[PDB]
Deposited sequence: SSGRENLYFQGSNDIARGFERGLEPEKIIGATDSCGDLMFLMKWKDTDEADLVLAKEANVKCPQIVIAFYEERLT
């Protein structure tokens, strides 16, 4: 889970580009070309609309 502290970077999420197994999302950050793992449990709460756009895919 330590593998997935992307939020601590303090950037704004933009878009989930992937997932893997505790469920994790590869999160892409706004305006940069960078992505890091964050825990789905935590993304649900911090950026629910973005979590949801990932599912409608």
Original post:
What are the missing stretches of the deposited sequence, listed from start to end?
Top reply: 1-12, 34-36, 73-75
